[PDB]
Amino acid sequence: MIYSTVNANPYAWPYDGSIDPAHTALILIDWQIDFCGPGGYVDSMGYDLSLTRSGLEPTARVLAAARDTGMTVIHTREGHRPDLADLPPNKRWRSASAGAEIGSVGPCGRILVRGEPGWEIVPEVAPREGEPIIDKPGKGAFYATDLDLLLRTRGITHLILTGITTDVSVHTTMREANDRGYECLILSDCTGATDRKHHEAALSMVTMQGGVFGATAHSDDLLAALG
């Protein structure tokens, strides 16, 4: 009912020496076809989907352990209002430049638009009632959302991060959370990027200055702490 530290890089996580489920949230970031599925945004830009998809089954196991421990669980979906009123023109222009324009029709509907097949959370990690979903127009889950209000009213102080991609939406969310004083763990095997060297360097960045953004861990080490 109170858990020990996780074997983590570069310190035994978290810093206060124990994980309380009543103050800990598992975050699942952007597990959507647009980031890890055929026909979606990342696929249409020519990136290797095996680099993102490897995180899925490890994440499913960590989601069951969080449900079993009564951790809070929060899901994120990167996406835009169908009218695109939350889409900066630079973001739109780059997506067109990369051959996968946000709001344009691809094999999985309108790219990164809320309500579209490619925007949905994949079945492997489907949310259930009582696990709030953040709909974010940005990479960072804090910006232009109610996330911080959801975390503060639940008294959350500790975040465990899974999702995609490691260097983009996961790292942005970790950095925003860290600046607010949240104690964050990132799971090396439940994340993935458009480039394996970016995945590795993003985990590596976390570990400097005695853990500038938190700690990294394998899901095996978290499942071990959770019993």
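Each residue number is its position in the shown sequence, starting from 1.
Engineer: Could you check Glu183, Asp179, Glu57, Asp189 and tell me which one carries the biggest Cα B-factor in the deposited entry?
Structural biologist: By C-alpha B-factor in the record, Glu57 ranks first.
Engineer: Highest CA temperature factor in the entry: which of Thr172, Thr165, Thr162, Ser50?
Structural biologist: Out of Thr172, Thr165, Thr162, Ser50, the record gives the largest C-alpha B-factor to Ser50.
Engineer: If you rank every modelled residue in this chain by C-alpha B factor, which third holds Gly138: lowest, middle or highest?
Structural biologist: Its C-alpha B-factor, which the entry lists for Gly138, ranks in the lowest third among residues of this chain.
Engineer: Just say lowest, middle or highest third for the CA B-factor of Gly99 relative to the other modelled residues in its chain.
Structural biologist: CA B-factor rank for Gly99: highest third.
Engineer: Give the position of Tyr15 by CA B-factor within its chain, expressed as the lowest, middle or highest third.
Structural biologist: For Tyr15, the deposited C-alpha B-factor lands in the highest third.
Engineer: Which third, lowest, middle or highest, does the C-alpha temperature factor of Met71 belong to within its own chain?
Structural biologist: Top third by C-alpha B-factor.
Engineer: Considering every modelled residue of the chain and its Cα B-factor in the PDB entry, is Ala201 in the lowest, middle or highest third?
Structural biologist: Answer is lowest: the recorded C-alpha B-factor places it there.
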